[PDB]
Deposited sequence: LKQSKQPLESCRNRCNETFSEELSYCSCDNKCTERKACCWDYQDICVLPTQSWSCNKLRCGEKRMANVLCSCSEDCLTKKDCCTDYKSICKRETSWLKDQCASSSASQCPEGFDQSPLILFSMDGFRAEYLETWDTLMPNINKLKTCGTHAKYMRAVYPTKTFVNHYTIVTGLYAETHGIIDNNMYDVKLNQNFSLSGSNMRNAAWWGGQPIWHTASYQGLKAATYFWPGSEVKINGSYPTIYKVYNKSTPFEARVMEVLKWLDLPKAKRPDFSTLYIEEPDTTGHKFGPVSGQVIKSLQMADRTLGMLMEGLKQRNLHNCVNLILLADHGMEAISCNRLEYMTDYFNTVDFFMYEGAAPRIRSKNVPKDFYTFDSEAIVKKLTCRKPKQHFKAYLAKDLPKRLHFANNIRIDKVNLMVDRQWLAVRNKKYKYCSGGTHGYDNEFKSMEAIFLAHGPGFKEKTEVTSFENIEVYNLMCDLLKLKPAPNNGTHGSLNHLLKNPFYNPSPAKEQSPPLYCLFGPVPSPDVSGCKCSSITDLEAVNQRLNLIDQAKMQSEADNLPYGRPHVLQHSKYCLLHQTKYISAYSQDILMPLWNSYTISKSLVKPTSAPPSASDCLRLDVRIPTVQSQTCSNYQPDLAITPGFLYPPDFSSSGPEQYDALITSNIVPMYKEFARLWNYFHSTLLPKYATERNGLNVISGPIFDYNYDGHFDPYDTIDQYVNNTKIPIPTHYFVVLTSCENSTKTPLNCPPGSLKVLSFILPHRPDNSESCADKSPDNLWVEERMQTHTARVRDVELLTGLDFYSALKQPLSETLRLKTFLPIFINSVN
């Protein structure tokens, strides 16, 4: 029986016959004693040679052992492990399934865009969007550096590419030690230094060898023992590329991944650490099927192709002559030439600033202006010679279900037998800091939003303090003469109609209860504004922008004068007001309403909406979207959801950094005026997850939110709808522009839901939720 003792020279498991065997040259992994004292053991050693119960055969059932002060944290990434693999194949992966059964797992973890390996691994350890950490793709150019970055080049090890602070520096700077067994960035002298221990990347290293060395670091003297370590394997990504995500080959690769994790857990058990180590097992992105039959070619759109293209699932286009022509390159002409060309194009071109704001993909010089958003399972490539089109790939929109990643966790810091809703991989950095009792460097995670995964949360979130309390808008006389140019000939007693805008204290409180049921937004921006109380809606009107910061109203389940009737608001000083004359006839902009007059009961109520403090400058083509949304879509939503609380308002993000900006920054205004033009309009729809309740009697833990950040564009070319005779394209357009409430807050400087009677950390979950339709549609 040589074979079962020729196995050691090629196997990592403690087979039945070799329990006690004689050490020779040379076994990769060693049974049996003296394996233990020599710390040479095959991970199964005790279950297989000592007849102990293996980790796997055990039941689910905070005891770190000798010299383990604080829980070590292990971050284990399996490249390309899509959330779907776990949902359908979990019984083919016994070790991961145990972990899933006994620990804490998410329904899925959302990656960042583009859904690429270096982008997402670096986001995981920094908590940063790619536009901030700087690794915006596996391939990129930087005109300031005038340097190219690639996965097969030594420029990638240049620290100038790598921004932010990876978790291994956060630990090291605060007195801990970090060891990485492969991780993008770990071989770079980021901020001038390396992890405490790190390995030179070698894709050929047996996964088993990677686990055994991670186990040895745990075996180190306490003085040198890492407190944080990473583990990385290339499967199921490698096989997924070659054969696609639905293939026998990928299942084989997933089982090989499953055994990798099995070896790790048995090794922890052996060392009595299984209930000591906190372990996070996750992935950088998912995997999707491609075909040489599903290719879009630039040659079909350009007679002449004088440009450089990053091809595939997340394309960009830039000048071929860089850096001379990097900026003069006409990205707008490229986008226009690619727009609405064939009835069923399988991609859509964008300037980066017009990309859905939820992608946070614009504010970096390396992010070429021309971006293509590609339909799932397709690729956009230069010409018909493109060759890398069989099997699988990734890169797409992080909303696609195939791009979702796994997230499983286990250890004393984590709840047991617990399943949490999906969350974003930007949240994981704060989580790891909490598990290592580290203070996080500034990042894009929302600290505390993942506290429901943890047994005793290390971080307790603080409410944001309002920076700008309201000012007073005083009731006053109609100016005489009235030089607004506004007209509303139907009004018979103007002083009486305007007294409806001057509510008694109990009417204010009633309006507050019905239309601001979660409290008024707090203003974190430095802004001068006042609150306008009305029966059906309340707003914060700001002289800084001559319009509301926000407008809020509640519509119940079940139930259109535009500028036939409009008048100045006597509570707003004229010099701080929009006028009807400000909207001169020769214009592409027309007044839009935040609280829609088509919702108020006919009669005196409707006059409360028809005032110059309830209007926002809208492109006519955007108004078309807006009016269809509030006249047709919104009532249908409200009937389906048993009422809706609606808060809406303008966004100005002219430096496209994803945040509100000082008012000096606005670069566009209504012609001949100083009425600023918003880049986006936000809408936040709140109802009850239990549709037997209304937005007003919902338990706070059961609120349902749907937010939109709608680009304020002068045409509807994004929807290919300017020649469209209907509005059935509006819903689809809005669906790709949903957003987290947290995105709205960042862009507006507003803070919502301050009055909810639940823990702040629960409200943070609500605010980080991303509404997604695309996998339902």
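Peer 1: Which regions of the deposited sequence are unaccounted for in the modelled residues, listed N- to C-terminal?
Peer 2: No coordinates exist for the deposited residues in 1 to 41, 103 to 106, 605 to 611, 830, so these stretches are absent from the model.
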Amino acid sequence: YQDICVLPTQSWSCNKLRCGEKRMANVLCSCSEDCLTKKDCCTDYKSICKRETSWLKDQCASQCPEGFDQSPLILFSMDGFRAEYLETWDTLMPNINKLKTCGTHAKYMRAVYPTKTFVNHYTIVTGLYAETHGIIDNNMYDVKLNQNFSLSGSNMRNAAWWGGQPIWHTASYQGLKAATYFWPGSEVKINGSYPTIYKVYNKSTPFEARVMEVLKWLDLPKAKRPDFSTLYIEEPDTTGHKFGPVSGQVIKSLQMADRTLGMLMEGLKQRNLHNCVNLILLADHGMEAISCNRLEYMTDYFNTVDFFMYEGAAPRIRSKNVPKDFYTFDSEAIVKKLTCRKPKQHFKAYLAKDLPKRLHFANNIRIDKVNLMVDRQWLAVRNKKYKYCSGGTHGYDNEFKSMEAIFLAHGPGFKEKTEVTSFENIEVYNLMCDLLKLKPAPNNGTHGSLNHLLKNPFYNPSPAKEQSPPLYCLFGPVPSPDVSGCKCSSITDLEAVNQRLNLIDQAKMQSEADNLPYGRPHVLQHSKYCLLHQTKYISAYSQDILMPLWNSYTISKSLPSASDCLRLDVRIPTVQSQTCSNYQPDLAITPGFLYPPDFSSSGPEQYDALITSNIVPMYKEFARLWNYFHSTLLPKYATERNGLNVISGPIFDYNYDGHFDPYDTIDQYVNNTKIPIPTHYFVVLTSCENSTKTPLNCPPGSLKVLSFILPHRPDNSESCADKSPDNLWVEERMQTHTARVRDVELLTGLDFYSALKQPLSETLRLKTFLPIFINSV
From here on, numbers count along this sequence of modelled residues.
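Peer 1: Which is higher on average in the deposited entry, the C-alpha temperature factors of 27 to 35 or of 725 to 733?
Peer 2: Mean C-alpha B-factor is greater for 27 to 35.
Peer 1: Is the mean CA B factor in the deposited entry higher across 765 to 773 or across 18 to 26?
Peer 2: Stretch with the higher mean C-alpha B-factor: 18 to 26.
Peer 1: Tell me, please, which of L431, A409, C488, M403 has the highest C-alpha B factor according to the deposited entry?
Peer 2: Reading the PDB entry, the winner on C-alpha B-factor is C488.
Peer 1: Between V523, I666, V483, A111, let me know which has the highest C-alpha B-factor in the entry?
Peer 2: Highest CA B-factor of the listed options: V483.
Peer 1: Mind checking which third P591 falls in for C-alpha B-factor across the chain?
Peer 2: Middle third, going by the recorded CA B-factors of the chain.
Peer 1: If you rank every modelled residue in this chain by C-alpha B factor, which third holds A159: lowest, middle or highest?
Peer 2: Middle third - that is where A159 ends up once the chain's C-alpha B-factors are sorted.
Peer 1: Could you look up the Cα B-factor of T53 in the entry and say which third of the chain it sits in: lowest, middle or highest?
Peer 2: For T53, whose C-alpha B-factor we compare with every modelled residue in the chain, the answer is the highest third.
Peer 1: Ordered by C-alpha B-factor within the chain, which third holds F308? Give me lowest, middle or highest, please.
Peer 2: For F308, whose C-alpha B-factor we compare with every modelled residue in the chain, the answer is the middle third.
Peer 1: Which third, lowest, middle or highest, does the C-alpha temperature factor of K216 belong to within its own chain?
Peer 2: It belongs to the highest third of the chain when residues are ordered by C-alpha B-factor.
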